[PDB]
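Q: Residue numbers (the deposited numbering), protein chains in the order written: chain A, 952 to 1112; chain C, 1115 to 1161. We put the CB at the ideal spot given by N, CA and C, even for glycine.
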Amino acid sequence: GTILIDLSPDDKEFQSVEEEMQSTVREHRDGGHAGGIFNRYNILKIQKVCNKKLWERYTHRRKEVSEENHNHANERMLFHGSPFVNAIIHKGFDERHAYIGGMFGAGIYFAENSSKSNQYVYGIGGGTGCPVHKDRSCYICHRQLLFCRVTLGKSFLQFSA
Amino acid sequence: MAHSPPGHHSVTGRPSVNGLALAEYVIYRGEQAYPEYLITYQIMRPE
Ligand SMILES: CN(CCO)c1ccc(-c2nc3ccccc3c(=O)[nH]2)cc1
Ligand SMILES: [Zn+2]
């Protein structure tokens, strides 16, 4: 039941999403090994993901969390990169989308930095890079990220390197 | 998936070394995220 609606580049919603994407690029400690060498993106398309069942699944859980946390969902907009983005938009997030070996345990990971999520588009550590050229820094192949609405609720703070 | 720490709904990974890094977050229930935008892009080669 998922439909994708193209946003026009003239739409303020396109513009605010692109700005969050571009403005949260940073340099990475791997010198670009995982995600490639870049300071900015060429945005080709931004689509709104519309699925009523998946939305209601989200809002149901959001209310449960809010009610456990003095009516505060602690909702953020965060990036997610994954080889399974096309599965996620159709079927929703679930245990198959978790990073089993992540540093905070087996869960589903999101980043404030778009460039952090970009490191996972082709797999953990960038895998072997793009399907066509086997290049983790490919400047030709089209990449996809998700910009996601995420309920944090009461979040456990881990200070970490 | 693992469970959230008891009495919590997520984990926040705060950077403690790289002063320019932003936070990362983990949820343990797929229902706590909705994929609102699909962004298609290329990375650009620095000039
Ligand atoms: C499903 N999978 C491959 C192992 O299941 C996986 C998907 C996404 C990510 C991922 N990890 C991150 C870790 C820190 C910050 C951002 C991300 C991210 O966007 N995706 C990792 C593994
Ligand atoms: Zn390529």
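What residue range does the beta strand (DSSP E) around residue 1060 of chain A cover?
A: Note, residue 1060 of chain A: beta strand (DSSP E), 1059-1062.
Q: Taking the alpha-carbon of residue 1041 of chain A as reference, which of A:1104, A:1103, A:1097 has the nearest alpha-carbon?
A: Looking at the Cα atoms, A:1097 is the closest of the given residues.
Q: Could you check if residue 1152 of chain C is buried or exposed, using at least 16 other CB atoms within 10 Å of its CB as the buried criterion?
A: With 16 or more other Cβ atoms within 10 Å, it is buried.
Q: Say whether the stretch 991-1003 of chain A touches the stretch 961-973 of chain A, bearing in mind that this needs 3 or more beta-carbon pairs closer than 8 Å, one atom from each stretch.
A: The stretch 991-1003 of chain A is in contact with the stretch 961-973 of chain A.
Q: For residue 1130 of chain C, count the other beta carbons within 10 Å of its own beta carbon; 16 or more makes it buried, fewer makes it exposed. Which is it?
A: When all chains shown are included, residue 1130 of chain C counts as exposed.
Q: For residue 1117 of chain C and residue 961 of chain A, what's the separation of their Cα atoms in angstroms?
A: Taking the straight line joining both Cα atoms gives about 42 Å.
Q: State yes or no: is the beta carbon of residue 1133 of chain C nearer than 8 Å to at least one beta carbon in chain A?
A: Not one chain A Cβ lies under 8 Å of residue 1133 of chain C.
Q: Tell me, please, whether the CB atom of residue 998 of chain A is closer than 8 Å to any CB atom in chain C?
A: Yes, residue 998 of chain A lies at the interface with chain C (some Cβ there is under 8 Å from its Cβ).
Q: Looking only at its chain, what residues have a beta carbon closer than 7 Å to the beta carbon of residue 1016 of chain A, apart from the 5 residues adjacent to it on each side?
A: Around residue 1016 of chain A: 1024, 1102, 1104.
Q: So residue 1077 of chain A contacts chain C; which residues on that side make the cut at Cβ distance below 7 Å?
A: Those within 7 Å of residue 1077 of chain A in chain C number zero; the least Cβ separation is about 11 Å.
Q: Can you determine whether any heavy atom of ligand 1 sits closer than 7 Å to the C-beta of residue 1116 of chain C, and answer yes or no?
A: No, the beta carbon of residue 1116 of chain C sits no closer than 7 Å to any heavy atom of ligand 1.
Q: When burial is assigned at 16 or more other CB atoms within 10 Å of the CB, is residue 1112 of chain A buried or exposed?
A: Flag for residue 1112 of chain A reads exposed.
Q: Taking all protein chains shown into account, decide if residue 1110 of chain A is buried (16 or more other Cβ within 10 angstroms of its Cβ) or exposed.
A: Exposed: under 16 other Cβ atoms inside 10 Å.
Q: State the beta-bridge partners of residue 1114 of chain A as determined by DSSP.
A: Since the first residue shown for chain A is 952 and the last is 1112, residue 1114 of chain A is missing from the structure and cannot be characterised.
Q: Take residue 1126 of chain C as the anchor and find which of A:1061, A:1067, A:1094, A:1065 has the nearest alpha-carbon.
A: Nearest option by C-alpha distance: A:1061.
Q: When you compare the CB of residue 1035 of chain A with every CB in chain C, is at least one pair closer than 8 Å?
A: So no, residue 1035 of chain A is outside the interface.
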